[PDB]
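Residue strings, one per chain:
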Amino acid sequence: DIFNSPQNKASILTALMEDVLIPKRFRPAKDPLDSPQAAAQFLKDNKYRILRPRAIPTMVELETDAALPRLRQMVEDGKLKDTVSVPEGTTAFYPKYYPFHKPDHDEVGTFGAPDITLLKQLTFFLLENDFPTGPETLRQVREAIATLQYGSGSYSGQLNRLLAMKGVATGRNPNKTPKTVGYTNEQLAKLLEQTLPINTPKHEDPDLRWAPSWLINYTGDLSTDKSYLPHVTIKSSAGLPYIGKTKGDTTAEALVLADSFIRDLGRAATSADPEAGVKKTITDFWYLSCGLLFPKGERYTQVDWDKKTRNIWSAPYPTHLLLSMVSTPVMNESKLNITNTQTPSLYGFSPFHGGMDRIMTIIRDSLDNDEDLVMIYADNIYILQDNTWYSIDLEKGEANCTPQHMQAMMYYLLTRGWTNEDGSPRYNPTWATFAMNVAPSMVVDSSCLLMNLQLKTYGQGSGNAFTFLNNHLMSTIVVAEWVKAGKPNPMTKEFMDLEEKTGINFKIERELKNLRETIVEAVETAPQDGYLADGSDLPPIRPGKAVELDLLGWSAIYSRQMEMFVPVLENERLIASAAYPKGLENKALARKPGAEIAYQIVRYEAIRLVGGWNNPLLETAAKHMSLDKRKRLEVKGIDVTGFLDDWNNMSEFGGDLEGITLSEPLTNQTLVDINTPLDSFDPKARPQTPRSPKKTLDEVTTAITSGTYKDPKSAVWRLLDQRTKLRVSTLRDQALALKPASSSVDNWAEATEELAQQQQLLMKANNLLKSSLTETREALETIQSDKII
């Protein structure tokens, strides 16, 4: 007996405890900053502000019908918990927040696992198919698996991120308030009328006059039972004072705290001593300004794992609720962007249903007419000039925000949104006080919690209800300054000089040269074969050239079948998402077997839908995998159609492609359906902005340089601007000045004008002039004497 197949004999030591094609799992390094002592020393060494820790009173159980009288019937019907847990204890506690960082040095598991199954399938399919693009697709997917890692970073990554935020806010280019840049609240509002056009909330929506719990209508009758409050993610964190609880566990508690904060603020504002009362309320509710520093799940670079972890500033549920009551009713009625309105705004943009083709038409018309073009989306700016497409991103956007930026946004929302047709306010002095005087210092330049450490937040908390709005306002200032400077080319020093002028850090992320010629090429190289070409259910052998705009992560591809540009996910994103697919993170659906099962198909269909369809190797492998899974289910008689119809609520690409079904496999018709426009497009037929319709951003900028719009014409708006300059002690007098307009009394307009005349008499008193935002921060950071556990 000779010639037996050799087997690897190893030592007993080896037994007791290389493939180039498959990369080994990434094991994060040991984190030296994983202790409060080490983290605090690191921050102290790096001159990052650590606040004197404030404590929260211990929880006390109260009767729900006593705390929330509006919801007595809900308690009586056994539909709402009979007791609420509120921080009203005699003893206090210091809060601690210890987030989970996965994968970590000790645990490299299922979470953040790369799609090795897909990698193997891509390899097998490449061996059987002569796709010209195939070898590069495989190499890129393998490289993304080898260089990236999906996960929640590390304590070191989070701490280093915080340092970078301090650097943006106070380092090379220190932040500047809009006033410092040269804009009054009214001048900014005139710019925002163009860059962020808004409509008023619905006439049936409640005005900003009530305690949150009053906006809940409960009787028992399902046809009439309604909540006029913003919607919340039930499974998301409650934030302070309920660490380790979800919003679902604490809605009654959040209502109690939100009602109390707004009610107490209101009472204090009109009291005998508004300064002492307002400061006391702010100090008592300090925790409403402190976010939990949550590590964001992303496809981080392995080598930079401990250098950068993006954070989500997890806002206290009551604060989130109160802020959302101001923003959401306005924004829900304001899905106005460049594809439907004459505005640079990209708010509510979707590249699907002809959206990308509308952008391409606007780009082509601008190129043909030798016109410059600008588009704004939060911290993203797009400039078309000199036959070049530029993508400009604010450098760590949130860090550039000052409380004054948010106050200017609140001014814009309350003047252009929360207003009646007659010019009377859709708010009372209590809500004007919260919105203008307190709210901006609760989420901007406030604090965050990591472990037992209460740390300073430099700029706005990323993830707060106003993140997009505040970032959009900052980009509006950068764009307005670019227009003022005579539109300098983004590659020049004249453009880069706008960093110091605005106090806003930014960088050129993309420079797409010879745009006109690139577009011609995209049209000419469009294939005659396959999906959206001859309409067959196959990828093209050789795909066409893409116009790599990276417009909110999208590139443009020309379709011969549809005779239009269609979106495809930017290559780098497509490859990263294929390499590290997110799990069923979406909702609390994770334990649902139907959802978990359907997701496996959803994952591969979504990657095809977003642009994989146009990559022959990726399309071949992903089609095979989804079909194989569907076949297994069909044969086995396991039905997951429900989850496949409502797949949007599970896929990271779900929001983008709403109302399409994955119960049937992806075909050419799926691609046709997602790209089908409801209406034909004429850029000239797009309605103008709701406010200053005939004016352009360029005209408003020119008017501002001439000193126009320093002060609003409306007396109501003048009182709201004066509100930003007057100290908290003046709150009772400011409430009196607003009461006639707020109550819509007979001849309120004349009365408001006379009251503003009276208030103007305070405005000679330099002693009465102090930002309520500074007073809020002082009160939030104050450390009053209390006995801890």
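Method of determination, as annotated in the archive: X-ray crystallography, at 3.80 Å resolution.

So, about a nonpolar patch on the surface. Together, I12, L13, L16 and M17 make up an exposed nonpolar region whose accessible area comes to about 570 Å². With respect to the secondary-structure elements, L13 resides in helix α1 (residues 12–16). When its relative accessible area of 57% is taken as the criterion, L13 is described as exposed.

This part takes up the domain arrangement of the protein. Domain annotation of the protein identifies domain 1 (35–101 + 154–335 + 395–463 + 771–789), domain 2 (102–153), domain 3 (336–394 + 464–570), domain 4 (571–678) and domain 5 (694–770). Here domain 3 and domain 5 have C-alpha centroids that lie 39 Å from each other. Counting residues at the interface gives 7 residues for domain 3, matched by 4 residues for domain 5. When the two sides are added together, the surface that domain 3 and domain 5 hide from each other amounts to roughly 440 Å², 82% of it contributed by carbon and sulfur. On the domain 3 side of the contact with domain 5, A480, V483 and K484 bury the most area, a combined 69% of that side's loss. Linking domain 3 with domain 5 are 1 salt bridge.

If you roll a probe as big as a water molecule over the atoms, it shows you where there is empty space left. For the second largest pocket, the calculated volume is near 840 Å³. Lining the second largest pocket are 26 residues; nearest its centre among them are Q342, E371, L373, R686 and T696. Among the secondary structure elements, those contributing two or more residues to the lining of the second largest pocket are α13 (355–368), β9 (373–377), α17 (467–484) and α26 (697–705). Residue classes in the lining of the second largest pocket are distributed as 10 nonpolar, 7 polar and 9 charged.

Along the polypeptide, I597 turns up in helix α22 (residues 593–609). In this structure, the C-alpha to C-alpha distance between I597 and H320, residues 277 residues apart in sequence, is 34 Å. Each residue touching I597, except ones within four places of it in the same chain, is listed here: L633 and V640.

Moving on, we come to empty space enclosed by the protein. When its volume is computed, the largest cavity comes out at roughly 120 Å³. Lining of the largest cavity is provided by 14 residues; of these, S577, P581, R603, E652 and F653 occupy positions nearest its centre. Looking at the lining of the largest cavity, the elements with two or more residues in it are α21 (571–579) and α22. Tallying contributions element by element places α22 first for the lining of the largest cavity, with 5 residues. Looking at the lining of the largest cavity residue by residue, the classes come out as 8 nonpolar, 2 polar and 4 charged. In this structure, the second largest cavity occupies an estimated 90 Å³ of space. Along its surface, the second largest cavity is lined by 15 residues, and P527, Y531, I557, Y558 and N614 are the ones closest to its centre. Counting residues per element, the lining of the second largest cavity draws most heavily on strand β16 (residues 554–559), at 3 residues. Of the residues that constitute the lining of the second largest cavity, the class distribution is 10 nonpolar, 3 polar and 2 charged.

In this section: the nonpolar core. The biggest cluster of nonpolar side chains holds 129 residues, and the ones touching the most others in it are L196, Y427 and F434. Ignoring sequence-local partners within four residues, the contact set of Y427 consists of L208, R209, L414, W418, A432, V716, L720, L738 and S742. Formed by 85 residues, the second largest nonpolar core is a distinct cluster that contains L515, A579, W613 and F653.

This brings us to the sheet that holds strand β6 (residues 290–295). Read across the sheet, 4 strands follow the order β8-β6-β12-β13 without closing on themselves; strand pairing throughout is mixed. In this open sheet, the two edge strands, each paired with only one partner strand, are β8 (311–314) and β13 (453–456). Strand-to-strand twist across the sheet, computed as the mean angle between neighbouring axes with direction ignored, equals 40 degrees. With 4 bridges joining them, strand β12 (residues 447–450) and β13 adopt antiparallel strand pairing.

This part covers the pattern of salt bridges. Counted under the stated rule, the structure contains 37 salt bridges. Taking the shortest distance from any N to any O, the salt bridge between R630 and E605 comes out at 2.8 Å. You can see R630 sitting in helix α23 (residues 616–636) and its partner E605 sitting in helix α22, a full 25 residues away along the chain. In this structure, the salt-bridge partner of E778 is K770, at a minimum N-O distance of 2.9 Å.

Calculation criteria
- Residues numbered from 1 in each chain as written, not as in the entry; some residues may be left out.
- Heavy atoms only, no water.
- Residues with missing side-chain atoms left out of burial classes, pairs and counts.
- Patch = residues over 30% accessible without salt bridge, like charges linked within 9 Å, V, L, I, M, F, W, Y side chains within 5 Å.
- Areas by Shrake-Rupley, 256 points an atom, 1.4 Å probe, with all protein chains shown as cover.
- Salt bridge = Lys/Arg side-chain N within 4 Å of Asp/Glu carboxyl O.
- Helix = DSSP H or I, 4+ residues; strand = E, 2+ residues; numbered from the N terminus.
- Buried < 20%, exposed > 50% of the residue type's maximum accessible area, 1.4 Å probe, protein only.
- Domains from an automatic or database assignment.
- Contact = heavy atoms within 4.5 Å.
- Buried area = accessible area lost by both parts, 1.4 Å probe.
- 1 Å grid on protein atoms, 1.4 Å probe; cavity = no way out; pocket = protein on both sides within 12 Å on 5 of 7 lines; lining within 4 Å.
- Points joined across faces, edges and corners; volume = space filled by probe spheres on them.
- Nonpolar A, V, L, I, M, F, W, Y, C, P; charged D, E, K, R; others polar.
- Core = buried A, V, L, I, M, F, W, Y, C linked by side-chain atoms within 4.5 Å.
- Pairing = 2+ DSSP bridges.
- Axes fitted to C-alpha atoms, helices over the stretch in contact; angles between N-to-C directions.

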